[PDB]
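Next up, start16.txt (compact mmCIF, C-alpha atoms):
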# COMPACT_ATOMS: atom_id res chain seq x y z
CA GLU A 2 102.85 84.99 113.45
CA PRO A 3 102.56 87.53 111.89
CA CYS A 4 105.54 89.68 112.89
CA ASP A 5 108.46 87.52 111.76
CA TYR A 6 108.36 87.60 107.95
CA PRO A 7 107.03 90.05 105.35
CA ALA A 8 105.18 87.06 103.86
CA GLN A 9 103.01 86.99 107.00
CA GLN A 10 101.86 90.60 106.44
CA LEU A 11 101.14 90.46 102.70
CA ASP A 12 100.36 87.60 100.32
CA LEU A 13 103.72 87.35 98.58
CA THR A 14 102.87 84.15 96.70
CA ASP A 15 103.01 85.80 93.28
CA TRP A 16 106.00 88.03 93.88
CA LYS A 17 109.77 87.92 94.23
CA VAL A 18 111.95 90.53 95.92
CA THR A 19 115.04 92.39 94.68
CA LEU A 20 117.32 93.78 97.39
CA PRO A 21 119.93 96.54 97.86
CA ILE A 22 122.54 94.03 99.04
CA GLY A 23 124.55 91.36 97.24
CA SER A 24 127.86 90.99 95.43
CA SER A 25 129.29 93.74 93.21
CA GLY A 26 126.74 94.83 90.62
CA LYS A 27 124.43 91.90 91.37
CA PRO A 28 121.45 92.78 93.60
CA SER A 29 120.27 89.70 95.48
CA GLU A 30 116.82 88.35 94.70
CA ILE A 31 114.71 85.91 96.70
CA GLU A 32 111.93 83.93 95.05
CA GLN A 33 109.28 81.55 96.35
CA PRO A 34 109.17 79.30 98.22
CA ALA A 35 112.16 80.62 100.20
CA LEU A 36 110.54 84.06 100.16
CA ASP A 37 107.78 82.73 102.43
CA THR A 38 110.21 82.67 105.36
CA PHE A 39 112.73 85.31 104.28
CA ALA A 40 113.67 88.59 105.94
CA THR A 41 116.76 90.79 105.98
CA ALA A 42 116.81 93.77 108.33
CA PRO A 43 116.53 96.65 107.72
CA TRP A 44 116.05 96.33 103.94
CA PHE A 45 113.12 93.90 103.83
CA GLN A 46 111.39 93.08 107.11
CA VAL A 47 108.12 93.34 108.99
CA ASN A 48 108.04 96.81 110.54
CA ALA A 49 108.52 97.22 114.30
CA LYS A 50 104.79 97.82 114.80
CA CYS A 51 103.95 94.53 113.06
CA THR A 52 101.47 96.19 110.68
CA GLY A 53 103.22 96.03 107.33
CA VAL A 54 106.40 95.49 105.35
CA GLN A 55 109.37 97.83 105.57
CA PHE A 56 111.39 98.28 102.37
CA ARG A 57 114.63 100.26 102.63
CA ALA A 58 117.30 101.07 100.04
CA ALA A 59 120.27 103.30 100.84
CA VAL A 60 122.16 105.41 98.30
CA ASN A 61 125.20 103.13 98.54
CA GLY A 62 123.07 100.06 97.84
CA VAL A 63 124.01 97.38 95.35
CA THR A 64 122.76 98.11 91.84
CA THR A 65 122.85 96.22 88.54
CA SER A 66 126.41 96.27 87.19
CA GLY A 67 127.27 98.94 89.75
CA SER A 68 125.62 101.82 87.92
CA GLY A 69 122.02 102.80 88.55
CA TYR A 70 119.67 103.17 91.50
CA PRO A 71 119.25 100.76 94.47
CA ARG A 72 116.01 99.11 95.52
CA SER A 73 114.24 96.78 97.93
CA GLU A 74 111.22 96.08 95.79
CA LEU A 75 108.71 93.38 94.86
CA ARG A 76 108.45 92.24 91.24
CA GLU A 77 105.20 90.65 90.03
CA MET A 78 105.29 86.91 89.38
CA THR A 79 102.62 84.37 88.48
CA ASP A 80 101.73 80.67 88.82
CA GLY A 81 102.58 80.44 92.51
CA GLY A 82 105.47 82.84 92.04
CA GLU A 83 107.18 80.39 89.67
CA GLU A 84 107.48 82.70 86.67
CA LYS A 85 107.66 86.38 85.77
CA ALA A 86 104.35 88.13 85.17
CA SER A 87 103.80 89.58 81.70
CA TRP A 88 100.47 91.00 80.60
CA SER A 89 98.80 92.97 77.83
CA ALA A 90 97.52 96.54 78.06
CA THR A 91 95.00 95.96 75.24
CA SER A 92 93.53 92.64 76.38
CA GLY A 93 92.04 91.98 79.80
CA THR A 94 91.77 94.08 82.96
CA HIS A 95 94.87 94.37 85.14
CA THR A 96 94.69 95.90 88.58
CA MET A 97 97.02 96.62 91.46
CA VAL A 98 95.67 98.15 94.65
CA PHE A 99 98.21 99.04 97.31
CA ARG A 100 98.42 100.99 100.54
CA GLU A 101 101.78 102.44 101.45
CA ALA A 102 103.59 105.30 103.08
CA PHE A 103 106.92 106.91 102.20
CA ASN A 104 108.90 107.01 105.48
CA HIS A 105 112.33 108.35 104.63
CA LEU A 106 114.08 110.12 101.78
CA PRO A 107 117.74 110.28 100.73
CA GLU A 108 119.74 113.47 101.27
CA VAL A 109 120.28 116.09 98.55
CA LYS A 110 118.07 114.36 95.95
CA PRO A 111 115.01 113.33 98.04
CA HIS A 112 113.49 111.15 95.31
CA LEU A 113 111.82 107.79 95.90
CA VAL A 114 109.56 105.49 93.84
CA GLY A 115 106.97 103.37 95.68
CA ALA A 116 104.97 101.53 93.02
CA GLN A 117 105.07 101.04 89.29
CA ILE A 118 103.98 99.48 86.04
CA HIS A 119 107.05 98.40 84.09
CA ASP A 120 107.32 96.58 80.77
CA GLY A 121 109.99 94.91 78.67
CA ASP A 122 111.65 98.24 77.90
CA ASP A 123 111.39 100.46 80.98
CA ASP A 124 109.09 102.01 83.58
CA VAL A 125 105.69 103.01 82.19
CA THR A 126 104.18 104.97 85.07
CA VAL A 127 105.14 105.09 88.75
CA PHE A 128 104.26 106.77 92.06
CA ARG A 129 107.24 109.05 92.66
CA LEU A 130 107.87 111.23 95.70
CA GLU A 131 110.24 114.20 95.55
CA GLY A 132 110.35 115.97 98.92
CA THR A 133 106.68 116.60 99.71
CA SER A 134 105.57 116.44 96.08
CA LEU A 135 104.05 113.13 95.01
CA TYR A 136 103.76 112.53 91.27
CA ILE A 137 102.35 109.97 88.89
CA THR A 138 104.93 109.71 86.12
CA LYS A 139 104.63 108.90 82.42
CA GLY A 140 107.69 107.34 80.85
CA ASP A 141 110.65 109.69 81.27
CA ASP A 142 108.41 112.53 82.48
CA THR A 143 108.95 112.44 86.25
CA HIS A 144 106.43 115.27 86.74
CA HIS A 145 103.61 114.08 84.46
CA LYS A 146 100.96 114.66 87.14
CA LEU A 147 101.39 116.24 90.56
CA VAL A 148 99.11 114.39 92.97
CA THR A 149 99.91 116.71 95.88
CA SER A 150 102.69 119.09 96.90
CA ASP A 151 101.71 118.41 100.51
CA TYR A 152 102.57 114.73 100.99
CA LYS A 153 103.61 114.21 104.60
CA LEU A 154 106.07 111.44 105.43
CA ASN A 155 104.52 108.38 107.06
CA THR A 156 101.05 109.14 105.73
CA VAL A 157 99.39 106.01 104.37
CA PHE A 158 97.58 106.40 101.06
CA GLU A 159 95.86 103.98 98.72
CA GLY A 160 97.10 103.85 95.16
CA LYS A 161 95.57 101.93 92.29
CA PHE A 162 96.51 101.11 88.71
CA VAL A 163 93.81 99.79 86.37
CA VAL A 164 94.96 98.82 82.88
CA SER A 165 92.48 97.93 80.14
CA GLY A 166 91.63 98.92 76.58
CA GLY A 167 95.05 100.43 75.95
CA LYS A 168 94.66 102.87 78.84
CA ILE A 169 96.14 103.10 82.33
CA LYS A 170 93.95 104.75 84.97
CA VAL A 171 95.88 105.81 88.07
CA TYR A 172 94.12 106.58 91.36
CA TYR A 173 95.17 108.16 94.67
CA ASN A 174 92.81 107.65 97.61
CA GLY A 175 90.02 106.75 95.21
CA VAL A 176 90.40 109.78 92.96
CA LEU A 177 91.46 109.43 89.32
CA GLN A 178 94.73 111.32 88.85
CA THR A 179 95.53 110.61 85.22
CA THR A 180 94.76 108.34 82.28
CA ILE A 181 97.77 107.28 80.22
CA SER A 182 97.62 105.77 76.74
CA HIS A 183 99.63 102.54 76.67
CA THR A 184 99.29 99.68 74.19
CA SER A 185 102.44 97.60 74.59
CA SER A 186 102.39 94.17 76.22
CA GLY A 187 104.96 92.63 78.56
CA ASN A 188 103.74 94.72 81.50
CA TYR A 189 104.12 93.86 85.18
CA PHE A 190 103.66 95.49 88.57
CA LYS A 191 106.24 96.46 91.20
CA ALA A 192 105.95 97.87 94.73
CA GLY A 193 108.47 98.76 97.41
CA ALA A 194 111.33 101.25 97.80
CA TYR A 195 113.20 102.22 94.63
CA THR A 196 115.53 105.00 95.77
CA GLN A 197 116.26 107.52 93.03
CA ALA A 198 119.68 108.53 94.32
CA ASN A 199 123.12 106.96 94.63
CA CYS A 200 126.56 108.08 95.77
CA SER A 201 127.10 110.10 92.59
CA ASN A 202 124.27 112.53 93.40
CA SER A 203 123.65 112.14 97.13
CA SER A 204 125.96 112.43 100.14
CA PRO A 205 126.99 111.01 102.48
CA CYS A 206 127.69 107.70 100.75
CA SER A 207 126.30 105.73 103.66
CA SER A 208 123.68 103.11 104.48
CA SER A 209 122.18 105.71 106.84
CA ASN A 210 121.25 107.86 103.81
CA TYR A 211 118.20 106.09 102.43
CA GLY A 212 114.72 105.89 101.03
CA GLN A 213 112.13 103.77 102.82
CA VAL A 214 108.56 102.73 102.07
CA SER A 215 106.11 100.75 104.21
CA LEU A 216 103.59 98.55 102.40
CA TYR A 217 100.34 97.75 104.23
CA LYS A 218 98.13 96.27 101.53
CA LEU A 219 99.04 94.71 98.18
CA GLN A 220 96.47 93.20 95.83
CA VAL A 221 96.84 92.28 92.16
CA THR A 222 94.09 90.88 89.95
CA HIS A 223 93.75 89.93 86.30
CA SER A 224 90.60 89.12 84.34

Reformat the file's structure so that it appears as structure tokens.
Amino acid sequence: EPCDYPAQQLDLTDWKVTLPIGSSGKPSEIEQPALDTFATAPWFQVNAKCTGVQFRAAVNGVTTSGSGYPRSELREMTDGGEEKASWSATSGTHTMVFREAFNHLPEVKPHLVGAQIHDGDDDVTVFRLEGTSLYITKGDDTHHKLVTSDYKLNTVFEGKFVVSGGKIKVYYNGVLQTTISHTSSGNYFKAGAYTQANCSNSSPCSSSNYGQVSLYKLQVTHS
């Protein structure tokens, strides 16, 4: 159209989306083929400028069980988006190239995750913004590698994860930021707005207190 559905801005065929709305402790998820014509403002919609996808998750958003952090985020799928993606870090070459911008941060604890590699146990490495400091994490180390302490909101950057030979190479605007040793399988990509704050550590407890990310390009390949 291509301004009516996020699926018109990015190829969401091999993805599903998890939202910050839903019943108590049960974040709603939308899978293909319904995802092809799905939108829910302001959490998951084409942005006003019709150039990308807006992902927003407020601190009072619905979270698993009721405890945890809210998100409006894509989860990698495969086979026409029919099943969950799961790949090896020691076999094959797995790449995700994305272009995004962090647009808004929650109050008090201005932390927001915009892309990640996750496995069967937890997050492996993610692009995490804290204020104006953008980091590439490593497991529980939220400050593994500082990309820049001068990240300006709404600035589009290109991130890339390349996994092969038991190593994860992470790039920011074409420059290698860090290489992380990782040999477990069951990995998958994610991209969107995963707000690292809830009503227990951020006030006010309102939908107007949120993290937001805009995704302009999203490409995943496996060989």

Output as JSON lines one row per residue of stretch 61-140 of chain A within 7 Å of stretch 149-152 of chain A: the closest atom pair and its distance in Å to one decimal place, counting only C-alpha atoms, sorted by chain and residue number ascending.
{"residue": "A:133", "atom": "CA", "partner": "A:152", "partner_atom": "CA", "distance": 4.7}
{"residue": "A:134", "atom": "CA", "partner": "A:150", "partner_atom": "CA", "distance": 4.0}
{"residue": "A:135", "atom": "CA", "partner": "A:149", "partner_atom": "CA", "distance": 5.5}

Judged by all atoms listed in the file, the minimum distance to residue A:56 among A:114, A:90, A:177, A:127 is found for A:114

Residue A:79 proximity check over A:9, A:66, A:14, A:20, using all atoms listed in the file: winner is A:14

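Non-sequential neighbours of residue A:130 (distance at most 10 Å, separation of 6 or more positions within a chain, all atoms listed in the file) are residues 103, 106, 111, 112, 113, 114, 115, 136, 137, 143, 144, 147, 148, 149, 150, 152, 154, 196 and 197 of chain A.
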
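Distances here use all atoms listed in the file; by that measure, the residue among A:212, A:189, A:218, A:125 closest to residue A:171 is A:125.
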